[PDB]
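Quick heads-up: it's one chain on its own, the form deposited in one PDB entry, in structure tokens.
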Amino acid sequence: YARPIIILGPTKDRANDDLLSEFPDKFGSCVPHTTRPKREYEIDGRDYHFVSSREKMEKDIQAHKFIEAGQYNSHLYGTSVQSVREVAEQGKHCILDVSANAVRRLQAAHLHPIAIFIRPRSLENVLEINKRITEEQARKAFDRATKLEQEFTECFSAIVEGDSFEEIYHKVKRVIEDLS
């Protein structure tokens, strides 16, 4: 069994996609659930898990079966505990895009996540580990990571810093190897 990963902080998305592509035998994504009606070319259980009934899925959310859910384009979407458990029981590390709130939910589910926070040193530091964002978004993001650390600090399995994203990817890599 392999621990699910949650990367938080700036660069999470890039880190996640990199990991997925770079080591697809080591890493996987879980199948999310949606109440949106399945397009004809879509495959139930691969692209999404397609729920017949919005009332149905609201119940499961109520029933705690999901670690994350929200609404988009008027439909529910979410990550079930079970779809994470399937990846993790596949011997693969499940790459999660989820809020820090999800970690308490993962701990609670016995799924023992690996939660990694990426801590910017300064506003400027954010810009140096992130090429393609504006100065305003860097600001909004530094303040964001601060509020995140204040609240969720006790949830982090580990905290990384760096001058370059490359340095950080390397660090994120080590941490993951170290826990297995």
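We call the rigid core the largest set of C-alpha positions that still match within 1.5 Å between the two forms. So that there is no doubt, residue numbering starts at 1 and follows the sequence shown.
Although it is not shown, the form deposited in another entry is what the next lines describe.
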### Query
Relative to the superposed core, which single residue of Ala88, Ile95, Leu76, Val98 shows a CA shift of 2 Å or more between this form and the one not shown?
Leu76
### Message
Given a superposition on the rigid core, I'd like a yes or no on whether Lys56 shifts its C-alpha by 2 Å or more between this form and the one not shown.
### Response
yes
### Query
After superposition on the rigid core, does the Cα atom of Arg39 shift by at least 2 Å between this form and the one not shown?
yes
